[PDB]
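Single-structure report; data block below.
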Number of protein chains: 2
Amino acid sequence: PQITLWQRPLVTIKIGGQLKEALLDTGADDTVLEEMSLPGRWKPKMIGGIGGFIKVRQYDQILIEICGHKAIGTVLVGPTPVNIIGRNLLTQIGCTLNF
Amino acid sequence: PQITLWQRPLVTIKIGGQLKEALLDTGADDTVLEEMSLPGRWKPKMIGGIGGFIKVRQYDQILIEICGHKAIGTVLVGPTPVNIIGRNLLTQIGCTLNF
Ligand SMILES: COC(=O)N[C@H](C(=O)N[C@@H](Cc1ccccc1)[C@@H](O)CN(Cc1ccc(-c2ccccn2)cc1)NC(=O)[C@@H](NC(=O)OC)C(C)(C)C)C(C)(C)C
């Protein structure tokens with residue numbers, strides 16, 4: 001699909017058997033989700049944004065369906081104000097910027 | 001141009017007679033730049049991100065040339081770790097997301 005930016009580029013995703021809406025974020029190296037429940041193990045990690053740094057849980061090889069496209073990658077979970085789909089996953093679903 | 005996301009989508013921009021590199025950021029409602037010198041008046045404003053919030057100067061009707069395309073909009077200036085080109089400007093240069 002082609003998406004214009006007059007509004008937030010929100011997409012529906014399916015992860016850990018649950019449905020959520022997430023922002024397609026070209027300015028995000030990583031994918032960050034708000035507190036939700038995920039199976040398996042993780043490693044502590046910290047990441048930075050505007051405003052400072054937040055502490056997250058890191059989960060590798062996680063399946064995610066973004067607007068019907070599957071992808072497996074690292075997903076971070078924590079105190080983010082909004083669910084974010086980062087470049088690590090955008091590349092897998094063939095997402096591109098155009099102008 | 002079309003742009004893949006294997007790398008951070010950086011572009012050269014011309015603003016306030018100066019050259020900068022900036023990130024095309026679909027996850028940004030606003031355009032925010034590192035401390036720089038701009039002419040005119042502004043106002044104090046606050047904006048939020050992943051680690052919290054930063055205070056910035058707001059400038060309306062600022063001319064920016066992004067990868068050779070011209071746009072006039074609000075540009076914020078302050079303590080951001082990286083120059084960000086937000087949707088308020090992305091829409092003006094006809095930038096889309098595709099997959
Ligand atoms: C290498 O660092 C990163 O990749 N930081 C990524 C990040 O923060 N990206 C920012 C741009 C950025 C990159 C590198 C260093 C610092 C900042 C954006 O791509 C995505 N983003 C993600 C984001 C979106 C909403 C919010 C938010 C926060 C508090 C309250 C409401 N919304 C926070 C972060 N947006 C914002 O912070 C924007 N906020 C915004 O549009 O607010 C509506 C700004 C910019 C205009 C301030 C993540 C932490 C998400 C991975």
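Residues in the structure tokens are numbered from 1 in each chain, the chains being A, B, ... in the order shown, and ligands are numbered from 1 in the order shown.
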All residues 10 Å or closer to residue 94 of chain A, only C-alpha atoms, same chain fewer than 6 positions away omitted, as a list in words
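Non-adjacent residues within range: residues 69 of chain A; 4, 5, 98 and 99 of chain B.
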Environment of ligand 1 within 7 Å, counting only C-alpha atoms and all ligand atoms, reported as number ranges by chain
A: 25-32, 47-50, 81-82, 84, 86; B: 25-32, 47-50, 52, 80-82, 84, 86
Those residues you just picked out, can you put them in a file as a short mmCIF file (atom, residue, chain, number, x, y, z; two decimals), in the first residue's frame with C-alpha atoms?
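part_2.cif was written with the following content:
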```
data_model
loop_
_atom_site.label_atom_id
_atom_site.label_comp_id
_atom_site.auth_asym_id
_atom_site.auth_seq_id
_atom_site.Cartn_x
_atom_site.Cartn_y
_atom_site.Cartn_z
CA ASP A 25 8.56 5.20 11.86
CA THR A 26 11.39 5.82 9.47
CA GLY A 27 13.17 7.78 12.20
CA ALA A 28 13.37 4.76 14.47
CA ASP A 29 16.30 2.32 14.24
CA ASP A 30 14.42 -0.07 16.52
CA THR A 31 10.87 -1.36 17.03
CA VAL A 32 9.37 -0.40 20.38
CA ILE A 47 17.45 3.21 24.09
CA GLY A 48 17.34 6.92 23.39
CA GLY A 49 14.93 9.39 21.94
CA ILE A 50 14.05 12.98 22.27
CA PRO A 81 4.13 6.49 24.65
CA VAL A 82 3.23 4.78 21.39
CA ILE A 84 6.68 2.02 17.06
CA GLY A 86 11.34 0.67 13.30
CA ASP B 25 10.96 10.87 10.01
CA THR B 26 7.48 9.57 9.50
CA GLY B 27 7.16 9.13 13.27
CA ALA B 28 7.53 12.86 13.81
CA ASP B 29 4.49 15.22 13.74
CA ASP B 30 6.96 18.11 13.92
CA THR B 31 10.25 19.20 12.32
CA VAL B 32 13.00 19.69 14.86
CA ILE B 47 7.54 18.79 22.65
CA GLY B 48 7.51 15.13 23.58
CA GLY B 49 9.41 12.00 22.56
CA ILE B 50 10.59 8.71 23.87
CA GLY B 52 10.52 12.81 27.90
CA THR B 80 17.50 17.45 19.80
CA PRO B 81 20.20 14.81 19.26
CA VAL B 82 19.62 14.85 15.47
CA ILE B 84 14.43 15.76 12.17
CA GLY B 86 8.60 15.79 10.36
#
```
Report as a PDB file with C-alpha atoms, in the first residue's frame: the residues of chain B with a DSSP assignment of strand (DSSP E), based on the backbone of this structure.
```
ATOM      1  CA  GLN B   2      12.809   6.404  -3.714  1.00  0.00           C
ATOM      2  CA  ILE B   3      14.617   5.558  -0.511  1.00  0.00           C
ATOM      3  CA  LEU B  10      19.252  11.270   5.745  1.00  0.00           C
ATOM      4  CA  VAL B  11      19.033  14.116   3.374  1.00  0.00           C
ATOM      5  CA  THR B  12      20.789  17.360   2.811  1.00  0.00           C
ATOM      6  CA  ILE B  13      18.680  20.443   3.574  1.00  0.00           C
ATOM      7  CA  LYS B  14      19.191  24.130   3.122  1.00  0.00           C
ATOM      8  CA  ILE B  15      17.795  26.380   5.807  1.00  0.00           C
ATOM      9  CA  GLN B  18      23.087  27.019   5.979  1.00  0.00           C
ATOM     10  CA  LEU B  19      23.621  23.389   5.023  1.00  0.00           C
ATOM     11  CA  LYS B  20      22.535  20.475   7.212  1.00  0.00           C
ATOM     12  CA  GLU B  21      21.762  16.755   7.072  1.00  0.00           C
ATOM     13  CA  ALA B  22      18.389  15.750   8.455  1.00  0.00           C
ATOM     14  CA  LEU B  23      16.409  12.611   9.028  1.00  0.00           C
ATOM     15  CA  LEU B  24      13.149  11.968   7.115  1.00  0.00           C
ATOM     16  CA  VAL B  32      13.003  19.690  14.861  1.00  0.00           C
ATOM     17  CA  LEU B  33      16.538  20.993  14.396  1.00  0.00           C
ATOM     18  CA  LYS B  43       7.930  31.399  20.854  1.00  0.00           C
ATOM     19  CA  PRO B  44       8.694  28.940  23.604  1.00  0.00           C
ATOM     20  CA  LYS B  45       7.163  25.556  23.132  1.00  0.00           C
ATOM     21  CA  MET B  46       7.398  22.025  24.513  1.00  0.00           C
ATOM     22  CA  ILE B  47       7.538  18.787  22.653  1.00  0.00           C
ATOM     23  CA  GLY B  48       7.512  15.126  23.576  1.00  0.00           C
ATOM     24  CA  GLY B  49       9.411  11.999  22.564  1.00  0.00           C
ATOM     25  CA  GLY B  52      10.524  12.815  27.902  1.00  0.00           C
ATOM     26  CA  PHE B  53      10.210  16.279  26.743  1.00  0.00           C
ATOM     27  CA  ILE B  54      12.267  19.088  25.462  1.00  0.00           C
ATOM     28  CA  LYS B  55      11.709  22.807  25.222  1.00  0.00           C
ATOM     29  CA  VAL B  56      12.103  24.447  21.875  1.00  0.00           C
ATOM     30  CA  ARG B  57      11.738  27.686  19.916  1.00  0.00           C
ATOM     31  CA  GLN B  58       9.005  27.717  17.421  1.00  0.00           C
ATOM     32  CA  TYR B  59       9.318  29.454  14.033  1.00  0.00           C
ATOM     33  CA  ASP B  60       6.478  29.712  11.536  1.00  0.00           C
ATOM     34  CA  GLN B  61       6.765  30.096   7.814  1.00  0.00           C
ATOM     35  CA  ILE B  62      10.404  29.128   7.605  1.00  0.00           C
ATOM     36  CA  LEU B  63      11.746  28.207   4.197  1.00  0.00           C
ATOM     37  CA  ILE B  64      13.526  24.885   3.868  1.00  0.00           C
ATOM     38  CA  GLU B  65      14.977  23.139   0.936  1.00  0.00           C
ATOM     39  CA  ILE B  66      14.896  19.354   1.379  1.00  0.00           C
ATOM     40  CA  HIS B  69      12.533  20.531  -2.925  1.00  0.00           C
ATOM     41  CA  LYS B  70      11.295  23.735  -1.319  1.00  0.00           C
ATOM     42  CA  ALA B  71       8.736  23.938   1.525  1.00  0.00           C
ATOM     43  CA  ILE B  72       7.562  26.604   4.008  1.00  0.00           C
ATOM     44  CA  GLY B  73       6.409  25.533   7.445  1.00  0.00           C
ATOM     45  CA  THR B  74       7.039  25.569  11.137  1.00  0.00           C
ATOM     46  CA  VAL B  75      10.508  24.681  12.261  1.00  0.00           C
ATOM     47  CA  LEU B  76      11.400  24.047  15.835  1.00  0.00           C
ATOM     48  CA  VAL B  77      14.871  24.572  17.240  1.00  0.00           C
ATOM     49  CA  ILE B  84      14.427  15.764  12.170  1.00  0.00           C
ATOM     50  CA  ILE B  85      12.161  16.504   9.223  1.00  0.00           C
ATOM     51  CA  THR B  96       5.037   8.791   0.758  1.00  0.00           C
ATOM     52  CA  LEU B  97       5.571   5.433   2.387  1.00  0.00           C
ATOM     53  CA  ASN B  98       5.286   2.340   0.212  1.00  0.00           C
TER      54      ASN B  98
END
```
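With only C-alpha atoms as the basis for measurement, A:88 is the residue among A:78, A:51, A:83, A:88 that approaches residue 7 of chain B most closely.
With atom CA of residue 79 of chain A on one side and atom CA of residue 34 of chain A on the other, the separation reads 5.7 Å.
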Atom CA of residue 6 of chain B to atom CA of residue 87 of chain B, distance in Å rounded to a single decimal
20.6 Å
Work out how far atom CA of residue 95 of chain A is from atom CA of residue 37 of chain A, in Å to one decimal.
26.8 Å
Which is closer to chain A than all the others in B:68, B:40, B:16, B:1, using only C-alpha atoms?
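Distance minimum relative to chain A lands on B:1.
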Please extract the residues of chain A with a backbone DSSP assignment of helix (DSSP H, G or I) and present them as an MDAnalysis selection string.
chainID A and resid 87:93
Which of B:92, B:35, B:41, B:17 sits closest to chain A [using only C-alpha atoms]:
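With only C-alpha atoms as the atom set, the closest residue is B:92.
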